[PDB]
>>> print(open('upload.cif').read())   # mmCIF, C-alpha atoms and all ligand atoms
data_upload
loop_
_atom_site.label_atom_id
_atom_site.label_comp_id
_atom_site.auth_asym_id
_atom_site.auth_seq_id
_atom_site.Cartn_x
_atom_site.Cartn_y
_atom_site.Cartn_z
CA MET A 1 0.00 0.00 0.00
CA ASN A 2 1.20 3.56 -0.66
CA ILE A 3 -0.23 7.10 -0.40
CA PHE A 4 -1.88 6.81 -3.84
CA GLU A 5 -3.74 3.56 -3.18
CA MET A 6 -4.65 4.85 0.32
CA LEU A 7 -6.23 8.07 -1.08
CA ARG A 8 -7.93 6.10 -3.94
CA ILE A 9 -9.78 4.01 -1.32
CA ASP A 10 -10.74 7.12 0.71
CA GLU A 11 -11.97 9.37 -2.09
CA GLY A 12 -13.20 6.89 -4.73
CA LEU A 13 -13.23 7.69 -8.42
CA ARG A 14 -15.98 9.59 -10.34
CA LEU A 15 -15.80 10.80 -13.90
CA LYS A 16 -18.71 13.21 -13.81
CA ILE A 17 -19.02 16.32 -11.55
CA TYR A 18 -20.47 15.32 -8.15
CA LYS A 19 -21.05 16.86 -4.79
CA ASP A 20 -18.62 15.94 -1.98
CA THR A 21 -19.66 15.15 1.60
CA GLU A 22 -19.86 18.96 2.29
CA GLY A 23 -21.93 19.60 -0.78
CA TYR A 24 -19.16 21.02 -3.01
CA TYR A 25 -18.57 20.42 -6.69
CA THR A 26 -15.80 17.79 -7.18
CA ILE A 27 -14.53 15.47 -9.91
CA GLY A 28 -12.17 12.42 -10.29
CA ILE A 29 -10.29 11.39 -7.15
CA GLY A 30 -11.40 14.03 -4.55
CA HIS A 31 -10.38 17.06 -6.74
CA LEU A 32 -12.43 19.99 -5.32
CA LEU A 33 -13.58 22.29 -8.08
CA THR A 34 -15.23 25.22 -6.31
CA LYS A 35 -17.08 26.08 -3.16
CA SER A 36 -19.52 28.04 -5.25
CA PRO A 37 -23.11 26.80 -5.66
CA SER A 38 -23.19 27.34 -9.37
CA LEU A 39 -22.79 24.33 -11.58
CA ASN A 40 -21.67 26.60 -14.33
CA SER A 41 -19.00 28.04 -12.28
CA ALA A 42 -17.81 24.37 -11.58
CA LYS A 43 -17.84 23.47 -15.26
CA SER A 44 -15.78 26.54 -15.92
CA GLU A 45 -13.12 25.53 -13.37
CA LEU A 46 -13.09 22.03 -14.71
CA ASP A 47 -12.33 23.10 -18.28
CA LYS A 48 -9.68 25.50 -16.99
CA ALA A 49 -8.09 22.60 -14.99
CA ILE A 50 -8.12 20.25 -17.94
CA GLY A 51 -7.46 22.54 -20.93
CA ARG A 52 -10.44 21.35 -23.04
CA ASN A 53 -14.17 21.88 -23.28
CA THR A 54 -15.32 19.11 -21.12
CA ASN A 55 -18.98 19.61 -20.58
CA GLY A 56 -18.55 18.07 -17.04
CA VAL A 57 -17.11 14.73 -18.10
CA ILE A 58 -13.47 13.54 -17.97
CA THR A 59 -11.63 10.30 -18.81
CA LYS A 60 -9.69 8.01 -16.39
CA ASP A 61 -6.34 9.40 -17.41
CA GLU A 62 -7.43 13.01 -16.92
CA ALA A 63 -8.60 12.06 -13.41
CA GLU A 64 -5.27 10.35 -12.60
CA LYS A 65 -3.44 13.35 -13.95
CA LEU A 66 -5.24 15.80 -11.62
CA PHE A 67 -4.63 13.24 -8.83
CA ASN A 68 -0.84 13.13 -9.30
CA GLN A 69 -0.82 16.96 -9.30
CA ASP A 70 -2.84 17.06 -6.08
CA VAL A 71 -0.65 14.60 -4.11
CA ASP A 72 2.46 16.49 -5.30
CA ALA A 73 0.86 19.82 -4.07
CA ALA A 74 -0.03 18.28 -0.69
CA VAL A 75 3.54 17.02 -0.03
CA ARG A 76 5.00 20.41 -0.99
CA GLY A 77 2.50 22.29 1.07
CA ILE A 78 3.69 20.24 4.11
CA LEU A 79 7.40 20.90 3.36
CA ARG A 80 6.72 24.65 3.03
CA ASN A 81 4.63 24.96 6.15
CA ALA A 82 6.53 25.92 9.30
CA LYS A 83 4.16 23.97 11.52
CA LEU A 84 3.86 20.81 9.46
CA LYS A 85 7.37 20.30 8.26
CA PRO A 86 8.90 19.45 11.60
CA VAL A 87 6.12 16.90 12.32
CA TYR A 88 6.53 15.34 8.92
CA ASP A 89 10.34 15.15 9.37
CA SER A 90 9.93 13.40 12.68
CA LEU A 91 7.59 10.58 11.39
CA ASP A 92 8.14 7.10 9.89
CA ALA A 93 6.98 6.34 6.30
CA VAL A 94 3.55 4.95 7.14
CA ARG A 95 2.62 7.82 9.47
CA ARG A 96 3.91 10.32 6.90
CA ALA A 97 1.18 8.97 4.49
CA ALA A 98 -1.49 9.61 7.17
CA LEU A 99 -0.44 13.27 7.49
CA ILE A 100 -0.51 13.64 3.72
CA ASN A 101 -4.02 12.19 3.72
CA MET A 102 -5.24 14.77 6.21
CA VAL A 103 -3.71 17.61 4.18
CA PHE A 104 -5.20 16.43 0.89
CA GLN A 105 -8.70 16.39 2.45
CA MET A 106 -8.55 19.53 4.56
CA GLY A 107 -5.81 21.75 3.32
CA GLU A 108 -2.61 22.80 5.03
CA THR A 109 -4.23 25.59 7.05
CA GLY A 110 -6.79 23.31 8.43
CA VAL A 111 -4.32 20.63 9.53
CA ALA A 112 -1.94 23.25 10.89
CA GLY A 113 -4.81 24.17 13.23
CA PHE A 114 -4.59 20.86 15.11
CA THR A 115 -1.95 22.31 17.47
CA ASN A 116 -2.23 19.90 20.32
CA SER A 117 -2.40 16.73 18.09
CA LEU A 118 0.67 17.75 16.09
CA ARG A 119 2.66 18.22 19.29
CA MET A 120 1.66 14.80 20.48
CA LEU A 121 2.58 13.16 17.11
CA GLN A 122 5.98 14.87 17.29
CA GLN A 123 6.52 13.42 20.78
CA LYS A 124 5.46 9.97 19.60
CA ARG A 125 2.61 9.77 22.08
CA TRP A 126 0.42 7.62 19.79
CA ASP A 127 -2.47 6.73 21.99
CA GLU A 128 -2.77 10.28 23.28
CA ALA A 129 -2.66 11.74 19.73
CA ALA A 130 -5.47 9.34 18.55
CA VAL A 131 -7.69 10.47 21.40
CA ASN A 132 -7.20 14.19 20.74
CA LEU A 133 -7.55 13.73 17.00
CA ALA A 134 -11.12 12.30 17.52
CA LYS A 135 -12.35 15.48 19.27
CA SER A 136 -12.84 17.35 16.05
CA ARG A 137 -15.52 18.31 13.56
CA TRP A 138 -13.48 16.15 11.06
CA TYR A 139 -14.11 12.94 12.99
CA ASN A 140 -17.81 13.72 13.68
CA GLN A 141 -18.55 14.56 10.00
CA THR A 142 -16.49 11.74 8.29
CA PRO A 143 -16.12 9.19 11.04
CA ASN A 144 -15.17 6.04 9.03
CA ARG A 145 -12.46 7.80 7.07
CA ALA A 146 -11.17 9.67 10.23
CA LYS A 147 -10.96 6.28 12.10
CA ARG A 148 -8.91 4.78 9.26
CA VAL A 149 -6.39 7.74 9.43
CA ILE A 150 -6.37 7.80 13.16
CA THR A 151 -5.61 4.00 13.34
CA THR A 152 -2.73 4.52 10.92
CA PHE A 153 -1.22 7.18 13.25
CA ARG A 154 -1.80 4.95 16.32
CA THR A 155 -0.25 1.72 15.01
CA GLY A 156 2.04 2.71 12.27
CA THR A 157 0.78 -0.06 9.92
CA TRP A 158 -1.69 -0.28 6.96
CA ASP A 159 -4.10 -2.56 8.85
CA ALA A 160 -7.11 -0.19 8.60
CA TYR A 161 -6.79 -0.37 4.88
CA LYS A 162 -6.29 -4.11 4.46
CL CL A 201 -5.80 22.58 -10.99
CL CL A 202 -16.47 8.70 6.34
#
>>> encode(input="upload.cif", output="structure tokens")
Amino acid sequence: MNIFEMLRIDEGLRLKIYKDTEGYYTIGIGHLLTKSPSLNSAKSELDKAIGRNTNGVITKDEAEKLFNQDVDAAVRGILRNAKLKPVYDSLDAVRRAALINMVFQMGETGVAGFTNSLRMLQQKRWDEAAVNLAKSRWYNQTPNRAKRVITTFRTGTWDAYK
């Protein structure tokens, strides 16, 4: 298992514009299009992202292409962030994937806001970090996905995904 296969299980794959768990316009593998309520505005972003007139539909390759761009952006956002970088640097490879997963879903700002959890991860206090991570809107709104990520941080294995 790797970061790509982990995120593919978490986000699924859809080739036509759809609404995410928050109600926003998305396409492919969890690629947010816009927070706007207008479908037209979403179709406009989609064509801009792809470079062709898509009329709301993309192929598998186009989806995988946006996906590779998005994982690359998440990693780099972490390495550029003064709060995330040190945590990232301190973790093993499995746990690193779990941090990337959080960032992909919620953005760097968002993750950076989990001050207490990040400090516990840095300290390698696994059971205490899992407990604090669960006291969030994240966990209450997407509980099965949060539990998978949280178990990954707690154990340091891919069990939750096998
Ligand atoms: Cl883009
Ligand atoms: Cl969920």
>>> axis_aligned_box(input="upload.cif", around="segment 35-50 of chain A", padding_each_side="8 Å", output="lines of an AutoDock Vina configuration file")
center_x = -15.6
center_y = 24.1
center_z = -10.7
size_x = 31.1
size_y = 23.8
size_z = 31.1
>>> residues_around(input="upload.cif", residues="segment 124-127 of chain A", least_positions_apart="4", cutoff="8 Å", atoms="all atoms listed in the file", output="list in words")
residues 120, 131, 153, 154 and 155 of chain A
>>> atom_distance(input="upload.cif", atom1="atom CA of residue 43 of chain A", atom2="atom CA of residue 106 of chain A")
22.2 Å
>>> residues_around(input="upload.cif", residues="segment 25-34 of chain A", least_positions_apart="4", cutoff="6 Å", atoms="only C-alpha atoms", output="PyMOL selection string")
chain A and resi 11-15+17-19+42+63
>>> closest_residue(input="upload.cif", among="A:66, A:9, A:84, A:39", to="ligand CL 201 (chain A)", atoms="all atoms listed in the file")
A:66
>>> residues_near_ligand(input="upload.cif", ligand="ligand CL 202 (chain A)", cutoff="8 Å", atoms="only C-alpha atoms and all ligand atoms", output="list in words")
residues 141, 142, 143, 144, 145 and 146 of chain A
>>> residues_around(input="upload.cif", residues="residue 118 of chain A", least_positions_apart="6", cutoff="9 Å", atoms="only C-alpha atoms", output="compact mmCIF listing (two decimals) with C-alpha atoms, in the frame of the given file")
# COMPACT_ATOMS: atom_id res chain seq x y z
CA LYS A 83 4.16 23.97 11.52
CA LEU A 84 3.86 20.81 9.46
CA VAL A 87 6.12 16.90 12.32
CA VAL A 111 -4.32 20.63 9.53
CA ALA A 112 -1.94 23.25 10.89
CA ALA A 129 -2.66 11.74 19.73
>>> closest_atom_pairs(input="upload.cif", of="chain A", to="ligand CL 201 (chain A)", cutoff="8 Å", atoms="only C-alpha atoms and all ligand atoms", output="CSV")
residue,atom,partner,partner_atom,distance
A:48,CA,A:CL201,CL,7.7
A:49,CA,A:CL201,CL,4.6
A:50,CA,A:CL201,CL,7.7
A:66,CA,A:CL201,CL,6.8
A:69,CA,A:CL201,CL,7.7
A:70,CA,A:CL201,CL,8.0
>>> write_last_selection(input="upload.cif", atoms="C-alpha atoms", output="CSV table (one decimal), keeping the file's coordinate frame")
chain,number,residue,atom,x,y,z
A,48,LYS,CA,-9.7,25.5,-17.0
A,49,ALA,CA,-8.1,22.6,-15.0
A,50,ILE,CA,-8.1,20.2,-17.9
A,66,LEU,CA,-5.2,15.8,-11.6
A,69,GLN,CA,-0.8,17.0,-9.3
A,70,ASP,CA,-2.8,17.1,-6.1
>>> residues_around(input="upload.cif", residues="residue 152 of chain A", least_positions_apart="4", cutoff="8 Å", atoms="only C-alpha atoms", output="list in words")
residues 94, 95, 98, 148, 156, 157, 158, 159 and 160 of chain A
>>> write_last_selection(input="upload.cif", atoms="C-alpha atoms", output="PDB file, in the frame of the given file")
ATOM      1  CA  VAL A  94       3.550   4.950   7.140  1.00  0.00           C
ATOM      2  CA  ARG A  95       2.620   7.820   9.470  1.00  0.00           C
ATOM      3  CA  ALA A  98      -1.490   9.610   7.170  1.00  0.00           C
ATOM      4  CA  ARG A 148      -8.910   4.780   9.260  1.00  0.00           C
ATOM      5  CA  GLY A 156       2.040   2.710  12.270  1.00  0.00           C
ATOM      6  CA  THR A 157       0.780  -0.060   9.920  1.00  0.00           C
ATOM      7  CA  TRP A 158      -1.690  -0.280   6.960  1.00  0.00           C
ATOM      8  CA  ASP A 159      -4.100  -2.560   8.850  1.00  0.00           C
ATOM      9  CA  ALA A 160      -7.110  -0.190   8.600  1.00  0.00           C
TER      10      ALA A 160
END
>>> closest_residue(input="upload.cif", among="A:103, A:57, A:134, A:71", to="residue 4 of chain A", atoms="only C-alpha atoms")
A:71
>>> atom_distance(input="upload.cif", atom1="atom CA of residue 162 of chain A", atom2="atom CA of residue 5 of chain A")
11.1 Å
>>> closest_residue(input="upload.cif", among="A:20, A:123, A:73, A:60", to="residue 100 of chain A", atoms="all atoms listed in the file")
A:73
>>> atom_distance(input="upload.cif", atom1="atom CA of residue 16 of chain A", atom2="atom CA of residue 38 of chain A")
15.5 Å
>>> closest_residue(input="upload.cif", among="A:108, A:10, A:22, A:128", to="residue 76 of chain A", atoms="all atoms listed in the file")
A:108
>>> residues_around(input="upload.cif", residues="residue 109 of chain A", least_positions_apart="6", cutoff="12 Å", atoms="all atoms listed in the file", output="ChimeraX atom specification")
/A:74,77-78,80-84,102-103,115
